[PDB]
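Listed next as structure tokens is one chain, alone, in the form deposited in one PDB entry.
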């Protein structure tokens, strides 16, 4: 079995194909604590051991430690989160080959050439042995690594003439990464990674507006408000009974304005692109400003409506 894994530091996205020809997409969050969970009843908990440390999936992990999520790519917790995503995907426990991801500035050095040291480091990370209490864990065999961004734009890149170029804008949970690649993948023109802002900027604003606990527990409510920010009818029913709808709508717009200004400022660093694509979980939050501020015809502007999965699907289309 071959599983494509975009192991982001906010959510692990999986994609694979079964025997009946159905193509499956699964998402599991990066939310673990460094201790086992205690269950006195029949609640299922997931308690792991890796490198001699205990970890467990935590549904209310604190939104804390909003720092270096680059180190996370080579961490013990990353190994746990990937195993946890596999364990909760619905696939049967088996040996699996996988293809994982490295952020553009980790996969590539400043010369836009493969950073072999990081690529190997990433593969080695998955050899760390893991155990699950009360169950069998999948076994990771072959590990291939793809860079983020490019796989998402590959289908389009194949169609572009070599002198044309696609600008791929990825807004993730904690970072905003942009790359410009020549048609038919004939070269990387520029990569600009930015780890100062992500969708969590908006999520944090929402949780502050509604004074929600700063944990994973309230992440769902916050995302729903954001996703349905333009539907008063939905907001009317969801918002914690009251009508702080005004104050939340306000906080959202402010964070969104920040994201939009950042992308437009960084966009000015790029030139000569002929096509534009916006991906990642936060794509819908910045697509309008980007389209408005680029001189690119509709026909050459790409955004799907399943953006958080654009990368892993591109990876699957390439390697499956």
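Positions refer to the first chain, counted from 1.
Just so you know, the form deposited with a partner chain bound exists too; it's not on screen, but the next bit is about it.
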| message | So, residue 318 and the partner chain: in the bound PDB entry, are they within 4.5 Å at any heavy atom pair? | response | yes
| According to a 4.5 angstroms non-hydrogen atom cut-off, is residue 136 in contact with the partner chain in the bound PDB entry? | no
| said: Please tell me whether any heavy atom belonging to residue 94 falls inside 4.5 Å of a heavy atom of the partner chain, as the geometry stands in the bound PDB entry. | reply: no
| said: residue 145 versus the partner chain, in the bound PDB entry: is there a non-hydrogen atom within 4.5 Å? | reply: yes
| remark: The one residue among 214, 184, 128, 244 placing a heavy atom within 4.5 Å of the partner chain in the bound PDB entry is 184
| request: Note which of 178, 79, 202, 150 lies within 4.5 Å of the partner chain in the bound PDB entry, where distance is taken over heavy atoms; exactly one does. | output: 150
